[PDB]
Amino acid sequence: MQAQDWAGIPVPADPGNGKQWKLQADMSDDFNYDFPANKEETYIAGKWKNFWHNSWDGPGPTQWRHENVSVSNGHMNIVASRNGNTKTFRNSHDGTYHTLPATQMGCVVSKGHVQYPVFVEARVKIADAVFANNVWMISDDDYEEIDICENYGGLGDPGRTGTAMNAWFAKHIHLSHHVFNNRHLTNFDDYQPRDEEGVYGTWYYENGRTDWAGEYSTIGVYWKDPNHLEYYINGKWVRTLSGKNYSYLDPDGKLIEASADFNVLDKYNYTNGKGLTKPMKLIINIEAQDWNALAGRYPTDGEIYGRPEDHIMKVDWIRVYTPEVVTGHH
Ligand SMILES: [Ca+2]
């Protein structure tokens with residue numbers, strides 16, 4: 001067997017004293033096989049469902065389609081395309097329906113699960129296109145989620161003005177997680193770290209870097225324990241949340257170390273003191289969310305038909321490791 005694509009690339013998190021990382025086979029893939037686009041529900045390689053976890057076809061004017069996921073040329077392809085059909089969708093901020101040309105898109109959900117202690121990392125080439133490129137994880141009951149990467153793609157073709165400009169969005173990677181409460185209610189609760197909750201730095205960016213769409217990036221999380229998450233971009237540590245403490249590299253490269261008066265993983269104790277524990281599936285998808293699409297941050301026909309190969313989120317590999325004690329001379 002040849003070395004996998006990630007061979008020789010160290011795991012950037014530390015597994016603990018006298019521990020080593022062990023690959024979790026059922027959640028790891030370097031995508032060096034052919035899987036042609038398929039209209040039918042399929043677990044690719046027995047591991048990656050070519051759709052969302054139910055028949056819902058997505059937010060906004062998104063239309064997830066089984067045939068918008070393929071594997072070729074060393075990567076999984078998550079494709080945006082446009083057949084001209086419209087989709088009518090609700091503006092989540094006020095409850096009203098709007099109609100736009102739809103974008104057919106892809107969504108992938110793992111068969112397997114991960115649970116702490118675990119390191120999850122993907123090598124992706126974010127689409128050079130105006131849409132969301134997401135890598136995230138969620139428990140089967142939808143109560144506990146970790147967001148490895150939420151990013152909004154490229155700057156688009158010339159001619160965008162006002163709210164349709166994507167520069168603020170394109171430069172960031174959102175590093176976050178959610179714990180929910182009372183999802184049986186309509187008005188369920190959602191806690192995530194953010195400025196308004198007193199947890200800073202969640203929208204990562206670097207002075208000078210306009211977007212993440214011109215090359216491959218690696219983004220990963222070490223979900224170490226129920227009150228400890230660490231994020232890594234391109235093999236480098238960028239952010240830790242640990243109990244009531246958190247730290248991160250700011251956009252000028254400065255280390256910021258902060259201490260909150262509350263637990264920053266579960267501020268309002270929606271987990272009944274347990275923290276993040278529930279097994280999670282990995283989701284990789286692209287979408288056009290309502291807020292973005294209504295603002296004009298949505299691919300034009302000129303963009304999507306003029307540069308089709310840019311309207312694809314590519315995944316070179318996904319790798320998952322769990323810590324094991326060192327084994328000695330074997
Ligand atoms: Ca590959």
Side-chain angles (χ1 to χ4, degrees), residues 1-13 21-38 41-51 64-81 105-114 118-129 131-137 146-151 153-154 173 211-222 231-236 280-287 307-322:
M1 215 211 183
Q2 100 185 34
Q4 301 202 88
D5 286 349
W6 52 75
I9 306 175
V11 170
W21 292 110
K22 176 189 180 173
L23 192 79
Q24 184 175 327
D26 72 340
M27 289 294 280
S28 305
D29 195 342
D30 58 1
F31 293 119
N32 299 326
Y33 51 84
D34 286 336
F35 183 82
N38 201 301
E41 169 181 302
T42 308
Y43 281 94
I44 304 165
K47 295 176 183 174
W48 315 109
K49 192 188 195 195
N50 63 352
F51 207 71
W64 288 325
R65 290 296 181 261
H66 291 99
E67 55 267 41
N68 278 60
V69 175
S70 65
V71 185
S72 65
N73 304 112
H75 36 80
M76 172 169 282
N77 302 298
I78 307 175
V79 176
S81 59
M105 286 178 140
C107 181
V108 172
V109 180
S110 65
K111 181 182 278 178
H113 295 76
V114 304
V118 60
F119 175 83
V120 177
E121 190 178 48
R123 187 167 189 255
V124 296
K125 208 289 296 180
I126 284 165
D128 190 5
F131 56 66
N133 295 241
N134 296 325
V135 185
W136 56 292
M137 306 198 294
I146 295 166
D147 304 310
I148 298 174
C149 168
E150 306 179 71
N151 165 274
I173 296 167
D211 62 81
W212 297 79
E215 62 183 280
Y216 283 88
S217 305
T218 64
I219 316 153
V221 67
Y222 181 25
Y231 295 86
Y232 295 82
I233 294 174
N234 292 337
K236 295 177 293 285
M280 300 186 187
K281 291 179 179 186
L282 176 67
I283 305 187
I284 308 190
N285 79 283
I286 65 182
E287 56 190 39
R307 302 185 285 105
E309 193 69 27
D310 285 337
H311 285 72
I312 307 179
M313 182 185 177
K314 298 177 182 173
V315 184
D316 185 23
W317 49 254
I318 300 163
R319 67 187 188 158
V320 175
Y321 302 83
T322 68

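Whatever order the structure lists ligands and atoms in, that order sets their numbers, starting from 1. This chain uses plain numbering: 1 for the first residue, then up along the sequence.
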Exercise. Tell me whether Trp317 has at least one N, O or S atom under 3.0 Å from the Ca ion (ligand 1).
Key: no

Self-check item: For the Ca ion (ligand 1): the N/O/S atom of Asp30 at shortest distance
Solution: O

Self-check item: For the Ca ion (ligand 1), the closest N/O/S atom belonging to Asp5
Solution: OD2

Quiz item: Going by the angle between their ring planes, with limits at 30° and 60°, are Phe31 and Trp48 parallel, tilted or perpendicular?
Solution: tilted

Quiz item: By atom name, which N, O or S atom of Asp316 is the nearest to the Ca ion (ligand 1)?
Solution: OD1

Quiz item: So, for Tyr222 and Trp21, is the gap between ring centers shorter than 6.0 Å?
Solution: yes

Quiz item: Are any non-hydrogen side-chain atoms of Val124 and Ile219 less than 4.5 angstrom apart?
Solution: yes

Quiz item: Angle class for the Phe119/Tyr321 ring planes (parallel below 30°, perpendicular above 60°, tilted otherwise)?
Solution: tilted

